[PDB]
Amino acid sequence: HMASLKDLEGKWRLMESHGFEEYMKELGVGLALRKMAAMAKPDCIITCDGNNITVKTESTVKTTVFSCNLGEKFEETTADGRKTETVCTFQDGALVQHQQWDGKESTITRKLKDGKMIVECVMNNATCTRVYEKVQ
């Protein structure tokens, strides 16, 4: 019943979002791009080649890809344009993506619950939950 990293592999579509505006505010995202991101309703394509993890976020506005090895720190350029130092780990059934930039930090965790991918984003007191389902 506990997920593995491979369970996250696939093409996922955003079905539900809560607290995303508030989270993007904490990250520093301005109004215009916030509204653009809120209307964007993307896919998230995840591939897991062993512990080589690739996460592709695809929308009609912008597409982002990072590809990493689990537990090895890497430089990420985020969709909002932050340059972070990021490490992905796998903890209690969740992919945990920790970003640090300018002495700030945020965590994005992705986990399978009840066949859906639950993506929880935290920065300071701001939390966002996004629900994805698998494209058939």
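So that there is no doubt, residue numbering starts at 1 and follows the sequence shown.
S.K.: Which has the higher mean CA temperature factor in the PDB entry, 85 to 93 or 61 to 69?
M.R.: Taking the mean B-factor of the alpha carbons in each, 61 to 69 is higher.
S.K.: Comparing average C-alpha B factors as deposited, tell me which of 45 to 53 and 30 to 38 sits higher.
M.R.: Mean CA B-factor is higher for 30 to 38.
S.K.: When the modelled residues of the chain are sorted by Cα temperature factor, does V122 land in the lowest, middle or highest third?
M.R.: Tercile = middle for this residue's CA B-factor.
S.K.: Among the modelled residues of this chain, does the Cα B factor of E105 put it in the lowest, middle or highest third?
M.R.: According to the entry, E105 has a C-alpha B-factor in the chain's middle third.
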